[PDB]
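Chemist: So that you have it, the file is data.cif, and it contains mmCIF, C-alpha atoms and all ligand atoms:
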data_data
#
loop_
_atom_site.label_atom_id
_atom_site.label_comp_id
_atom_site.auth_asym_id
_atom_site.auth_seq_id
_atom_site.Cartn_x
_atom_site.Cartn_y
_atom_site.Cartn_z
CA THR A 1 18.11 30.80 7.55
CA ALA A 2 21.56 30.75 9.14
CA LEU A 3 21.78 26.99 8.51
CA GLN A 4 22.64 27.58 4.84
CA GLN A 5 25.25 30.17 5.81
CA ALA A 6 26.82 27.70 8.25
CA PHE A 7 26.75 24.98 5.58
CA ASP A 8 28.54 27.10 2.98
CA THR A 9 31.00 28.32 5.62
CA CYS A 10 31.84 24.68 6.39
CA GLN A 11 32.13 23.93 2.67
CA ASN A 12 34.60 26.74 1.98
CA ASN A 13 36.49 25.91 5.18
CA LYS A 14 36.89 22.34 3.89
CA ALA A 15 38.02 23.66 0.50
CA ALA A 16 40.61 25.94 2.13
CA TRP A 17 41.79 23.10 4.38
CA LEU A 18 42.25 20.83 1.35
CA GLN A 19 44.17 23.60 -0.42
CA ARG A 20 46.46 24.03 2.59
CA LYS A 21 46.96 20.26 2.84
CA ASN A 22 47.90 19.84 -0.82
CA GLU A 23 50.21 22.86 -0.84
CA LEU A 24 51.91 21.58 2.33
CA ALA A 25 52.32 18.16 0.69
CA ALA A 26 53.85 19.79 -2.40
CA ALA A 27 56.21 21.88 -0.26
CA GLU A 28 57.34 18.89 1.80
CA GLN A 29 57.86 16.66 -1.25
CA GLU A 30 59.91 19.31 -3.06
CA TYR A 31 61.94 19.89 0.12
CA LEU A 32 62.59 16.14 0.37
CA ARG A 33 63.63 15.84 -3.28
CA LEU A 34 65.94 18.85 -2.92
CA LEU A 35 67.45 17.18 0.15
CA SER A 36 68.00 14.01 -1.88
CA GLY A 37 69.25 16.09 -4.81
CA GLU A 38 72.81 17.16 -5.53
CA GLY A 39 72.05 20.81 -4.75
CA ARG A 40 73.74 22.22 -1.66
CA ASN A 41 72.14 25.68 -1.33
CA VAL A 42 71.86 26.00 2.45
CA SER A 43 69.83 29.20 2.10
CA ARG A 44 67.32 27.31 -0.04
CA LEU A 45 67.08 24.60 2.63
CA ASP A 46 66.52 27.15 5.40
CA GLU A 47 63.85 29.00 3.43
CA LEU A 48 62.16 25.68 2.64
CA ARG A 49 62.15 24.85 6.35
CA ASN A 50 60.54 28.24 7.00
CA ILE A 51 57.94 27.51 4.31
CA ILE A 52 57.26 24.10 5.86
CA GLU A 53 56.74 25.49 9.35
CA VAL A 54 54.53 28.38 8.20
CA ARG A 55 52.44 26.01 6.06
CA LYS A 56 52.07 23.65 9.02
CA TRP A 57 50.87 26.56 11.16
CA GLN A 58 48.41 27.57 8.43
CA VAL A 59 47.11 23.99 8.19
CA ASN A 60 46.69 23.85 11.98
CA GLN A 61 44.74 27.11 11.98
CA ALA A 62 42.59 25.94 9.06
CA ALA A 63 41.79 22.72 10.91
CA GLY A 64 40.92 24.69 14.04
CA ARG A 65 38.54 27.03 12.24
CA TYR A 66 37.03 24.09 10.36
CA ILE A 67 36.36 22.33 13.68
CA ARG A 68 34.80 25.53 15.02
CA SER A 69 32.59 25.84 11.93
CA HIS A 70 31.56 22.17 12.14
CA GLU A 71 30.60 22.44 15.81
CA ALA A 72 28.75 25.70 15.07
CA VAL A 73 26.71 24.18 12.24
CA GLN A 74 25.98 21.08 14.33
CA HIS A 75 24.77 23.29 17.19
CA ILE A 76 22.59 25.35 14.83
CA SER A 77 21.04 22.22 13.31
CA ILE A 78 20.40 20.70 16.74
CA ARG A 79 18.85 23.95 17.97
CA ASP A 80 16.52 24.19 14.97
CA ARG A 81 15.48 20.53 15.18
CA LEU A 82 14.80 20.77 18.92
CA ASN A 83 12.90 24.04 18.43
CA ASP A 84 10.52 22.58 15.86
CA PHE A 85 10.23 19.37 17.89
CA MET A 86 9.19 21.24 21.04
CA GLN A 87 6.82 23.35 18.93
CA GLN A 88 5.39 20.00 17.79
CA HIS A 89 5.21 17.95 21.02
CA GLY A 90 6.11 20.36 23.81
CA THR A 91 2.87 20.30 25.78
CA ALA A 92 3.34 16.61 26.59
CA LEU A 93 6.95 17.27 27.59
CA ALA A 94 5.83 20.05 29.94
CA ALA A 95 3.15 17.78 31.41
CA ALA A 96 5.75 15.07 32.00
CA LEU A 97 7.73 17.55 34.15
CA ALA A 98 4.74 19.31 35.72
CA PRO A 99 5.59 18.59 39.42
CA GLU A 100 8.51 21.03 39.14
CA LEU A 101 7.24 23.57 36.58
CA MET A 102 4.09 25.11 38.12
CA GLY A 103 4.34 28.80 38.92
CA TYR A 104 7.80 29.27 37.44
CA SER A 105 7.24 33.02 37.01
CA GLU A 106 7.28 33.92 40.72
CA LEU A 107 10.05 31.49 41.70
CA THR A 108 13.29 33.05 42.91
CA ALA A 109 16.68 32.55 41.27
CA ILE A 110 17.73 29.61 43.45
CA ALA A 111 14.33 27.91 43.09
CA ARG A 112 14.33 28.36 39.31
CA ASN A 113 17.89 27.02 39.05
CA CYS A 114 17.10 23.99 41.22
CA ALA A 115 13.94 23.23 39.23
CA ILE A 116 15.90 23.47 35.97
CA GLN A 117 18.59 21.17 37.40
CA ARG A 118 15.97 18.62 38.48
CA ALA A 119 14.37 18.74 35.02
CA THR A 120 17.78 18.21 33.43
CA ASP A 121 18.40 15.22 35.69
CA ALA A 122 15.00 13.78 34.74
CA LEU A 123 15.59 14.15 31.01
CA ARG A 124 19.13 12.80 31.44
CA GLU A 125 17.81 9.68 33.16
CA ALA A 126 15.21 9.30 30.40
CA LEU A 127 17.92 9.60 27.75
CA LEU A 128 20.17 7.05 29.46
CA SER A 129 17.23 4.66 29.82
CA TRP A 130 16.54 5.06 26.09
CA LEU A 131 20.21 4.53 25.22
CA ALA A 132 20.38 1.41 27.39
CA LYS A 133 18.22 -0.51 24.91
CA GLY A 134 20.37 0.73 22.01
CA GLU A 135 17.54 1.43 19.57
CA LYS A 136 19.22 2.45 16.32
CA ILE A 137 17.96 5.59 14.57
CA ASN A 138 18.85 7.82 11.62
CA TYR A 139 19.23 11.55 10.98
CA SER A 140 16.37 14.04 11.02
CA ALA A 141 14.21 13.81 7.90
CA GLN A 142 14.05 17.54 7.12
CA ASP A 143 17.81 18.16 7.21
CA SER A 144 19.26 14.70 6.55
CA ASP A 145 21.30 15.81 3.53
CA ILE A 146 23.25 18.49 5.41
CA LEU A 147 24.05 16.13 8.28
CA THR A 148 25.19 13.42 5.85
CA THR A 149 27.37 15.79 3.81
CA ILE A 150 29.02 17.28 6.91
CA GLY A 151 29.49 13.88 8.58
CA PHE A 152 28.78 12.64 12.08
CA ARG A 153 32.25 13.78 13.17
CA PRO A 154 35.17 15.45 11.38
CA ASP A 155 37.80 13.08 10.03
CA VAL A 156 40.97 12.23 11.94
CA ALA A 157 43.10 14.17 9.44
CA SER A 158 41.42 17.37 10.66
CA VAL A 159 42.14 16.73 14.36
CA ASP A 160 45.48 14.90 14.30
CA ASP A 161 47.17 18.08 13.07
CA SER A 162 45.08 20.21 15.47
CA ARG A 163 46.28 18.52 18.68
CA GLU A 164 49.20 20.96 19.06
CA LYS A 165 48.48 24.30 20.73
CA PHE A 166 50.44 27.48 20.02
CA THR A 167 51.20 30.20 22.53
CA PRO A 168 49.78 33.62 21.56
CA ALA A 169 53.25 34.99 20.79
CA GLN A 170 53.78 32.04 18.43
CA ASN A 171 50.46 32.84 16.74
CA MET A 172 51.42 36.50 16.32
CA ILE A 173 54.87 35.77 14.88
CA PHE A 174 53.42 33.13 12.55
CA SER A 175 50.80 35.64 11.39
CA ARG A 176 53.53 38.20 10.67
CA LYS A 177 55.55 35.59 8.76
CA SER A 178 52.47 34.57 6.76
CA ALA A 179 51.84 38.22 5.90
CA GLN A 180 55.46 38.57 4.79
CA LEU A 181 55.12 35.40 2.70
CA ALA A 182 51.98 36.74 1.02
CA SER A 183 53.61 40.12 0.35
CA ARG A 184 56.72 38.48 -1.13
CA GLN A 185 54.76 35.99 -3.27
CA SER A 186 52.31 38.59 -4.61
CA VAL A 187 55.16 40.35 -6.43
CA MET B 1 93.70 42.66 -25.61
CA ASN B 2 91.51 43.75 -22.70
CA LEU B 3 92.29 45.55 -19.45
CA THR B 4 90.69 42.75 -17.42
CA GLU B 5 93.43 40.20 -18.06
CA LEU B 6 96.19 42.83 -18.05
CA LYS B 7 95.36 44.12 -14.57
CA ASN B 8 95.12 40.77 -12.77
CA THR B 9 98.57 39.43 -13.69
CA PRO B 10 101.93 39.59 -11.89
CA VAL B 11 104.33 42.06 -13.47
CA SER B 12 106.77 39.29 -14.45
CA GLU B 13 104.93 37.89 -17.47
CA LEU B 14 103.63 41.39 -18.25
CA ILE B 15 107.12 42.85 -18.59
CA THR B 16 108.35 39.76 -20.47
CA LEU B 17 105.55 40.05 -23.04
CA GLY B 18 106.08 43.81 -23.30
CA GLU B 19 109.76 43.24 -24.03
CA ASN B 20 108.96 40.47 -26.53
CA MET B 21 106.57 42.78 -28.37
CA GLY B 22 109.07 45.57 -27.69
CA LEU B 23 108.22 48.97 -26.22
CA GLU B 24 111.22 50.54 -24.41
CA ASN B 25 113.37 49.88 -21.36
CA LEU B 26 110.13 48.92 -19.63
CA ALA B 27 111.55 47.85 -16.24
CA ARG B 28 111.91 51.01 -14.11
CA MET B 29 108.44 52.53 -13.91
CA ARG B 30 105.01 51.89 -12.43
CA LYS B 31 102.82 48.98 -13.45
CA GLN B 32 100.16 51.46 -14.59
CA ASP B 33 102.77 53.18 -16.77
CA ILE B 34 103.73 49.82 -18.30
CA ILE B 35 100.08 49.06 -19.05
CA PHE B 36 99.63 52.54 -20.53
CA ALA B 37 102.64 52.09 -22.82
CA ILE B 38 101.47 48.64 -23.93
CA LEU B 39 97.99 49.97 -24.68
CA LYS B 40 99.44 52.91 -26.61
CA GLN B 41 101.58 50.58 -28.73
CA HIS B 42 98.65 48.23 -29.36
CA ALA B 43 96.44 51.15 -30.39
CA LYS B 44 99.15 52.42 -32.74
CA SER B 45 99.28 48.91 -34.23
CA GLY B 46 95.60 49.22 -35.11
CA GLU B 47 93.72 46.52 -33.20
CA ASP B 48 90.54 47.38 -31.31
CA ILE B 49 90.64 46.96 -27.53
CA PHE B 50 87.81 46.46 -25.06
CA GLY B 51 87.68 48.12 -21.66
CA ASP B 52 85.75 47.81 -18.43
CA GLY B 53 85.62 49.23 -14.93
CA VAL B 54 83.69 51.38 -12.47
CA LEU B 55 82.76 54.95 -13.35
CA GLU B 56 82.93 58.06 -11.18
CA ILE B 57 81.96 61.66 -11.97
CA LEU B 58 83.60 64.77 -10.56
CA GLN B 59 81.82 68.02 -9.68
CA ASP B 60 82.00 69.18 -13.33
CA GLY B 61 81.25 65.95 -15.19
CA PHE B 62 84.95 65.18 -15.78
CA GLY B 63 84.27 61.46 -15.62
CA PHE B 64 86.89 58.87 -14.73
CA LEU B 65 86.76 55.08 -14.89
CA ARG B 66 88.86 53.04 -12.47
CA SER B 67 89.43 49.33 -11.86
CA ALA B 68 88.58 47.34 -8.74
CA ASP B 69 91.74 45.20 -8.86
CA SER B 70 94.04 48.24 -8.69
CA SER B 71 92.14 49.44 -5.57
CA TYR B 72 90.78 52.40 -7.57
CA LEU B 73 94.19 54.00 -8.03
CA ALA B 74 94.21 57.27 -9.98
CA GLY B 75 96.74 55.97 -12.47
CA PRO B 76 97.13 56.92 -16.12
CA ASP B 77 95.30 53.74 -17.17
CA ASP B 78 91.97 55.14 -15.93
CA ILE B 79 89.50 55.72 -18.76
CA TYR B 80 88.38 59.28 -19.46
CA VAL B 81 84.63 59.81 -19.88
CA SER B 82 83.21 63.09 -21.19
CA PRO B 83 79.88 64.45 -19.89
CA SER B 84 78.29 63.89 -23.32
CA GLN B 85 77.87 60.13 -22.96
CA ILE B 86 77.14 60.57 -19.25
CA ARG B 87 74.08 62.65 -20.13
CA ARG B 88 73.18 60.50 -23.15
CA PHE B 89 73.12 57.26 -21.14
CA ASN B 90 72.02 58.93 -17.87
CA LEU B 91 74.67 57.15 -15.82
CA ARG B 92 76.16 58.10 -12.46
CA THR B 93 78.94 57.07 -10.09
CA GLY B 94 79.10 53.37 -9.26
CA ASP B 95 77.74 52.14 -12.60
CA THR B 96 79.97 49.38 -13.96
CA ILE B 97 80.79 50.11 -17.61
CA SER B 98 82.28 48.02 -20.40
CA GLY B 99 82.73 48.65 -24.10
CA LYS B 100 85.06 50.00 -26.76
CA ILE B 101 87.66 52.51 -25.56
CA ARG B 102 89.03 55.31 -27.73
CA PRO B 103 92.83 55.60 -27.72
CA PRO B 104 94.05 59.04 -26.65
CA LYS B 105 95.03 61.62 -29.25
CA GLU B 106 97.08 64.79 -29.05
CA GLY B 107 95.96 67.24 -26.37
CA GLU B 108 95.05 64.62 -23.75
CA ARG B 109 96.86 61.88 -21.85
CA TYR B 110 93.93 59.61 -20.91
CA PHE B 111 92.23 56.81 -22.83
CA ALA B 112 88.72 57.78 -23.94
CA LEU B 113 85.59 55.70 -24.54
CA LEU B 114 84.38 54.89 -28.05
CA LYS B 115 81.17 53.04 -27.17
CA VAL B 116 79.79 51.03 -24.25
CA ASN B 117 78.59 47.48 -24.89
CA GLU B 118 77.04 46.99 -21.45
CA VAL B 119 76.46 48.81 -18.16
CA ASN B 120 76.52 47.05 -14.77
CA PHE B 121 76.17 43.59 -16.35
CA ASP B 122 73.09 44.80 -18.24
CA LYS B 123 72.17 46.43 -21.52
CA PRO B 124 72.72 50.22 -21.58
CA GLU B 125 69.08 50.91 -22.44
CA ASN B 126 67.68 48.40 -19.93
CA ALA B 127 69.74 49.66 -16.98
CA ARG B 128 68.60 53.25 -17.60
CA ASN B 129 65.05 52.42 -16.44
CA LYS B 130 66.00 51.87 -12.80
CA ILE B 131 65.15 53.78 -9.64
CA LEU B 132 67.65 55.11 -7.12
CA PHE B 133 68.59 53.13 -4.02
CA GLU B 134 66.96 55.56 -1.58
CA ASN B 135 63.59 55.12 -3.34
CA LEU B 136 63.24 51.55 -2.06
CA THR B 137 61.39 50.43 1.07
CA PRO B 138 63.57 48.82 3.76
CA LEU B 139 62.49 45.49 5.22
CA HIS B 140 63.78 43.12 7.88
CA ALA B 141 66.17 40.28 7.07
CA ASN B 142 63.68 37.66 5.93
CA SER B 143 66.26 35.29 4.45
CA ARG B 144 68.79 33.46 6.63
CA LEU B 145 72.49 33.09 5.83
CA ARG B 146 74.10 30.04 7.45
CA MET B 147 77.85 29.86 8.03
CA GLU B 148 77.84 26.04 8.23
CA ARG B 149 79.58 24.63 5.16
CA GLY B 150 78.51 21.08 6.04
CA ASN B 151 81.93 19.54 5.34
CA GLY B 152 82.88 19.43 9.03
CA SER B 153 85.97 21.60 8.64
CA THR B 154 88.18 21.62 11.73
CA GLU B 155 88.53 25.42 11.54
CA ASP B 156 84.82 25.98 10.80
CA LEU B 157 84.06 26.12 14.55
CA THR B 158 84.46 29.91 14.73
CA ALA B 159 81.69 30.17 12.14
CA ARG B 160 79.43 27.54 13.71
CA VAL B 161 79.15 29.21 17.12
CA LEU B 162 78.35 32.43 15.25
CA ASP B 163 75.16 30.83 13.97
CA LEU B 164 74.53 29.83 17.59
CA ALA B 165 75.15 33.43 18.73
CA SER B 166 74.24 35.89 15.94
CA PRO B 167 72.15 34.73 12.97
CA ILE B 168 73.04 36.42 9.68
CA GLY B 169 70.39 37.61 7.25
CA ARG B 170 70.41 39.51 3.99
CA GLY B 171 69.95 43.26 4.23
CA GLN B 172 70.85 43.66 7.91
CA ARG B 173 73.12 46.14 9.69
CA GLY B 174 76.06 44.32 11.27
CA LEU B 175 78.51 45.77 13.78
CA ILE B 176 81.43 44.08 15.54
CA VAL B 177 82.96 45.36 18.78
CA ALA B 178 86.51 44.04 19.12
CA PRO B 179 89.57 45.10 21.13
CA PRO B 180 93.04 44.85 19.55
CA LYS B 181 94.52 41.35 19.27
CA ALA B 182 91.12 39.64 19.31
CA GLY B 183 91.47 37.61 16.11
CA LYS B 184 88.80 39.66 14.34
CA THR B 185 90.54 39.68 10.95
CA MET B 186 90.65 35.89 10.72
CA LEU B 187 87.00 35.72 11.80
CA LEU B 188 86.02 38.22 9.10
CA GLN B 189 87.89 36.38 6.35
CA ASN B 190 86.39 33.10 7.57
CA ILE B 191 82.92 34.67 7.31
CA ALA B 192 83.70 35.98 3.82
CA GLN B 193 84.94 32.62 2.54
CA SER B 194 82.01 30.80 4.16
CA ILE B 195 79.63 33.19 2.39
CA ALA B 196 81.43 32.66 -0.92
CA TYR B 197 81.26 28.88 -0.42
CA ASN B 198 77.67 28.43 0.78
CA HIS B 199 76.22 31.31 -1.29
CA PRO B 200 78.15 31.71 -4.56
CA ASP B 201 75.25 33.66 -6.08
CA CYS B 202 75.45 36.71 -3.81
CA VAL B 203 78.11 39.27 -4.70
CA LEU B 204 80.81 39.47 -2.03
CA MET B 205 82.93 42.58 -1.43
CA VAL B 206 85.53 43.03 1.31
CA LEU B 207 86.74 46.57 2.03
CA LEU B 208 89.96 47.29 3.92
CA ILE B 209 91.12 50.75 5.00
CA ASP B 210 94.48 51.78 6.49
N1 LIG C 301 91.51 29.66 17.06
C1 LIG C 301 92.74 30.18 17.10
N2 LIG C 301 93.80 29.34 17.13
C2 LIG C 301 95.03 29.85 17.16
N3 LIG C 301 95.41 31.13 17.17
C3 LIG C 301 94.34 31.94 17.14
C4 LIG C 301 93.01 31.57 17.10
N4 LIG C 301 92.19 32.68 17.07
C5 LIG C 301 93.02 33.69 17.09
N5 LIG C 301 94.34 33.32 17.13
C6 LIG C 301 95.50 34.20 17.15
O1 LIG C 301 95.05 35.52 17.38
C7 LIG C 301 96.00 36.41 16.78
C8 LIG C 301 95.36 37.76 16.57
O2 LIG C 301 95.85 38.30 15.32
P1 LIG C 301 94.86 38.92 14.26
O3 LIG C 301 95.59 39.53 13.13
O4 LIG C 301 93.85 37.85 13.86
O5 LIG C 301 94.07 40.01 15.10
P2 LIG C 301 92.80 40.95 14.89
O6 LIG C 301 91.90 40.77 16.11
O7 LIG C 301 92.18 40.70 13.57
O8 LIG C 301 93.45 42.40 14.98
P3 LIG C 301 94.80 43.16 14.61
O9 LIG C 301 95.31 42.43 13.36
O10 LIG C 301 94.54 44.61 14.40
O11 LIG C 301 95.74 42.85 15.78
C9 LIG C 301 96.46 35.71 15.51
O12 LIG C 301 97.81 36.03 15.20
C10 LIG C 301 96.30 34.21 15.84
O13 LIG C 301 97.56 33.57 16.01
MG MG C 302 93.38 42.15 12.68
#
Let me see whether you can do it: turn the structure in this file into structure tokens.
Ligand SMILES: Nc1ncnc2c1ncn2[C@@H]1O[C@H](COP(=O)(O)OP(=O)(O)OP(=O)(O)O)[C@@H](O)[C@H]1O
Ligand SMILES: [Mg+2]
Modeler:
Amino acid sequence: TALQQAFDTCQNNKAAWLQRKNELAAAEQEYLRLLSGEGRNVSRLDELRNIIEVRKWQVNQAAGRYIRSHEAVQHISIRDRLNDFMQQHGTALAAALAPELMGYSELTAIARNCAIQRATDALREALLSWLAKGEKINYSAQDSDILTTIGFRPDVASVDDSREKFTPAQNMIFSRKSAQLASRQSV
Amino acid sequence: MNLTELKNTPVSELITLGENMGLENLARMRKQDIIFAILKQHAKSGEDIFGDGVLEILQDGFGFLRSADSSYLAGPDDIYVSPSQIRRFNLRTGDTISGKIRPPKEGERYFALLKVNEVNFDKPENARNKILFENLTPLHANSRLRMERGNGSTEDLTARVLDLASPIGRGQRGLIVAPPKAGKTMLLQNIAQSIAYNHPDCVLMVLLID
């Protein structure tokens, strides 16, 4: 039943990502209006720059964990669909690859690996032959709603900000600064 | 009048106004003595006078109140504070005080305190409910102080490179290692004026010894 857990994890990740996005937008717009304003508090400008950078780091991390959750839920859904599909029509699939599946129990490691590789090549050629004709399909009937509500792929706004990678020291110092921000804003 | 305006004035107009009101041959004595005589005459006239300053307590509660402008000189103008109000208001050394001041009577030569209207720029009852400095938890310098004024001053360079060499933050421990004839005094006053310009909110104090 981990599909529902993955779904709600993706939902709350999206909610947190939207919260980070809107708070970053508010911070940047107030920083811009203070820049255009008559105020000249340089300390305020520096602290606003610090807020902007820490919020950008938080948004990047939220996008990264959202991408991880989305790929995890997609993998779980694919695994479940393939599992029930093979439980439905797996005997015919095994018969279609019989010339390299007989007596798999006593085969050695290299023989088992080579047989698996040959089976993967066979199914890959079948899949490319199927995709050559371009026969359009839809989502799985049992879990169509989850796939539709999570989307085929995450939007660009969740990857365009996630294309920058931080060094581990940068991650640690940003985490410390975020903890300091939380401690100072709680009071 | 009040001690605040009296202290921060050159002795010229002070002695002229003292002569115009008329005290004595008020030329050959200390400035503190002149202020003391003027305050005594004004108190004898009958007008109430405010007072303000910084309070200190001796080992026996014999409290004094000095002024920052006079470099905390132990002159006669310092306000006497008895232990009674010290215990009543639960104040200690370093608490800025301001309020009515009692003129001295026979038996003492120091101005006393009638009542205090505020303590350390706060109400006397509100400032009592405060913890000591050592009871706080130290933290790193989160905020950043920038010496760049932004006006492109030709002499601002000494400050600018400082931001490129040693960032300044609130609540940090700063030390300067300087040999004689290194221009450290001008650098320090430049830092002080840059702080006063960029950050007028923060209280600035500059201490000089010998
Ligand atoms: N940028 C500068 N341009 C011109 N003169 C400078 C500059 N920086 C420093 N000086 C000179 O350096 C001299 C050093 O005198 P200053 O009083 O500033 O020294 P200090 O290092 O503060 O120490 P001390 O006063 O004890 O000698 C000044 O008299 C000043 O003429
Ligand atoms: Mg000097």
Chemist: Identify, counting all atoms listed in the file, the protein, DNA and RNA residues located within 12 Å of ligand MG 302 (chain C), and give them as an mmCIF file with C-alpha atoms, in the coordinates of the input.
Modeler:
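Everything below was put into result-v1.cif:
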data_model
loop_
_atom_site.group_PDB
_atom_site.id
_atom_site.type_symbol
_atom_site.label_atom_id
_atom_site.label_comp_id
_atom_site.auth_asym_id
_atom_site.auth_seq_id
_atom_site.Cartn_x
_atom_site.Cartn_y
_atom_site.Cartn_z
ATOM 1 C CA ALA B 178 86.510 44.040 19.120
ATOM 2 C CA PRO B 179 89.570 45.100 21.130
ATOM 3 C CA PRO B 180 93.040 44.850 19.550
ATOM 4 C CA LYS B 181 94.520 41.350 19.270
ATOM 5 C CA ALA B 182 91.120 39.640 19.310
ATOM 6 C CA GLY B 183 91.470 37.610 16.110
ATOM 7 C CA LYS B 184 88.800 39.660 14.340
ATOM 8 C CA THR B 185 90.540 39.680 10.950
ATOM 9 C CA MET B 186 90.650 35.890 10.720
ATOM 10 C CA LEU B 187 87.000 35.720 11.800
ATOM 11 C CA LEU B 188 86.020 38.220 9.100
ATOM 12 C CA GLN B 189 87.890 36.380 6.350
ATOM 13 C CA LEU B 208 89.960 47.290 3.920
ATOM 14 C CA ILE B 209 91.120 50.750 5.000
ATOM 15 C CA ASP B 210 94.480 51.780 6.490
#
Chemist: Name all residues at most 12 Å from residue 139 in chain A (count only C-alpha atoms; drop same-chain ones fewer than 5 positions away) and give them as a PyMOL selection string.
Modeler: chain A and resi 77-78+81+144-149+151-152
Chemist: Which residues are close to residue 4 in chain A, i.e. within 12 Å by only C-alpha atoms, leaving aside same-chain residues fewer than 3 positions away? Reply as a PyMOL selection string.
Modeler: chain A and resi 1+7-11+73-74+76-77+143+145-146
Chemist: Suppose you want the space between CA of residue 147 in chain B and CA of residue 174 in chain B; what is it in Å?
Modeler: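 Distance between the two atoms: 14.9 Å.
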Chemist: Pick out the chain A residues within 12 Å of chain B. Count all atoms listed in the file. Give them as a list in words.
Modeler: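 Residues passing the distance filter: residues 39, 40, 41, 42, 43, 44, 45, 46, 47, 48, 49, 50, 51, 176, 177, 178, 179, 180, 181, 183 and 184 of chain A.
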Chemist: Counting all atoms listed in the file, which residue out of B:157, B:9, B:194, B:171 sits closest to ligand LIG 301 (chain C)?
Modeler: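 The answer is B:157, which sits nearest to ligand LIG 301 (chain C).
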Chemist: When distances are computed from all atoms listed in the file, which of B:84, B:54, B:20, B:76 shows the smallest separation from residue 108 in chain B?
Modeler: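 Closest residue, counting all atoms listed in the file: B:76.
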Chemist: May I have the centre and edge lengths, in Å to one decimal, of an axis-aligned box around the listed atoms of range 77-94 of chain A with 8 Å added to every side, as AutoDock Vina command-line options?
Modeler:
--center_x 12.0 --center_y 20.4 --center_z 21.6 --size_x 34.2 --size_y 23.6 --size_z 32.6
Chemist: Please provide the set of residues having any atom within 12 Å of residue 112 in chain B, restricted to all atoms listed in the file, with same-chain residues fewer than 2 positions apart removed, written as a ChimeraX atom specification.
Modeler: /B:49-52,62-65,76-83,85,99-105,108-110,114-116
Chemist: Name the residues within 9 Å of (12.6, 19.4, 32.3), counting all atoms listed in the file in the file's coordinates, and put them as number ranges by chain.
Modeler: A: 93-94, 96-98, 100-101, 115-123
Chemist: Keeping C-alpha atoms, export the residues of the selection given above as a short mmCIF file (atom, residue, chain, number, x, y, z; two decimals), in the coordinates of the input.
Modeler:
data_model
loop_
_atom_site.label_atom_id
_atom_site.label_comp_id
_atom_site.auth_asym_id
_atom_site.auth_seq_id
_atom_site.Cartn_x
_atom_site.Cartn_y
_atom_site.Cartn_z
CA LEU A 93 6.95 17.27 27.59
CA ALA A 94 5.83 20.05 29.94
CA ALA A 96 5.75 15.07 32.00
CA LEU A 97 7.73 17.55 34.15
CA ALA A 98 4.74 19.31 35.72
CA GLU A 100 8.51 21.03 39.14
CA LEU A 101 7.24 23.57 36.58
CA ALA A 115 13.94 23.23 39.23
CA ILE A 116 15.90 23.47 35.97
CA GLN A 117 18.59 21.17 37.40
CA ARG A 118 15.97 18.62 38.48
CA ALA A 119 14.37 18.74 35.02
CA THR A 120 17.78 18.21 33.43
CA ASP A 121 18.40 15.22 35.69
CA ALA A 122 15.00 13.78 34.74
CA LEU A 123 15.59 14.15 31.01
#
Chemist: Please measure the separation of CA of residue 30 in chain B and CA of residue 66 in chain B, giving the value in Å to one decimal.
Modeler: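 Distance reported for this atom pair: 16.2 Å.
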Chemist: Point out the residue among A:85, A:166, A:174, A:104 with the least atom-to-atom distance to residue 55 in chain A, counting all atoms listed in the file.
Modeler: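 Of all the options, A:174 lies closest to residue 55 in chain A.
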Chemist: Report the distance between CA of residue 72 in chain A and CA of residue 142 in chain A in Å, rounded to one decimal place.
Modeler: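 CA of residue 142 in chain A lies 18.6 Å from CA of residue 72 in chain A.
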Chemist: Skip range 88-94 of chain B itself and residues of its chain fewer than 5 positions away, then list as a VMD selection string all residues within 8 Å of it, counting all atoms listed in the file.
Modeler: chain B and resid 54 to 57 124 to 125 128
Chemist: Hey, what's within 12 Å of residue 160 in chain A if we count only C-alpha atoms and toss same-chain stuff fewer than 2 positions away? As an NGL selection string, please?
Modeler: :A and (59-60 or 63-64 or 67 or 154-158 or 162-165)
